[PDB]
């Protein structure tokens, strides 16, 4: 039973992306697009395992501080310019240049690249970053501490190279469909805002000979019910990674074989704005954590396999085993609620004068459902001391508000950028460009800093447990659950495994079968 003649595929990408410039974004819809059009030093297969990308080989010194990548001598951007180490140097410098204002600027600081933090903090020029083109096809990364998991970091959207010649000549107009040049398996055929992105084969991709899918469309359907309806109508082949909890038990039995649920390294949270009154009060942040019943959300609201959590890092992640769930999470709800009430009353709330705020979330009926549940539990568990409004915003507008800090409480999902605990731990550093909570605690920073010169797993895992303990005591955010990624995938679509813990979809890993 063979390959189809056609090889077209339609996939829900869930929202209109903020941008196709991998230095201007931090979201999953954006990265999904970037990963089709560009390819970093290394990439991954259907199960998250690492394989050669722009680098055909690489090595490290025994101290894990020097990483040397050998680029393909004949590889070309999609316009035919050579892909060189200079492109990687150019791009990684741009990531950290403060003038670029990248949300992921801090990513190279996570990798411990020499001078990355100082460049971000404005103390050194971008050109002083500890990466170099030793020649045109040798890119070398120099780190100040050992980073044995460094190769796996290089897969991230923020470390994608850019076509220097083009970006320098065209400025940020480079991102327009008419000018976009890239080195991934696909190239932009069309972009209609709030409707579709169309991809076509990049025949100058080094590995075009292995790409099967010829064209693809990304839809931007925000609501999972609409997603499922289109799928059933046969107008899309894979949903995005949310499904209606109402239809879910049915879909599983009726579309047996088509329902995938990947266990992913992700945490769903309500992020509290730690520098806006009244969430700058730890007592109030503690009350909210105490009075929210996680099992209500994972069991009655969703019921898809999501598991309740009271910490940020998924504990099943590599080197997360020592992370402990906090003690309040084991007390009866009635005792937790009594304590919450006490705290809110001590802070001057009553039924007549309750704690009023809004939950900001991106338009999406599953998030709305969780927001209603949370608002509901918060009013009732505190006997009227909390009163929550809901503020849905479009994806781009929601991302913009979180980043500008124009919010009280915001829905937040963090998905691992690499399968090692620090991809979470690093989020909450005072100076992390990713930290839209504005959580800042010198002792957290110190705990994470001292993980970075531990020379075995155990030592690192202890630091992460301490960091997670400090963030927990500060009640910096409201963690809720660890993700499963429920998706519907047509039976004629192959190459999607359901075993990738970052649940990436690379069009080059798929193919359509006949019969």
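C-alpha atoms forming the largest set that superposes within 1.5 Å between two forms make up the rigid core. Residue numbers count along the first chain shown, from 1.
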Between stretches 448-456 and 474-482, more displaced by Cα RMS in 6 other deposited structures of this protein (rigid core superposition): 448-456
Entry-level comparison of average CA B-factors, 209-217 and 171-179, reporting the higher stretch: 171-179
Mean temperature factor over C-alpha atoms, higher-scoring stretch between 453-461 and 48-56: 453-461
Per the PDB entry, maximal CA B factor within 335, 84, 202, 283: 335
Residue selected from 329, 138, 239, 78 by maximal Cα B factor: 329
Third of the chain, ranked by Cα B-factor, where residue 510 sits: lowest
Ranked C-alpha temperature factor of residue 247 among modelled chain residues, by third: highest
Ranked against its chain, the third holding the CA B-factor of residue 186: lowest
Third of the chain's Cα B-factor distribution that residue 272 belongs to, per the entry: middle
Chain-wide C-alpha B factor ranking for residue 473, given as lowest, middle or highest third: middle
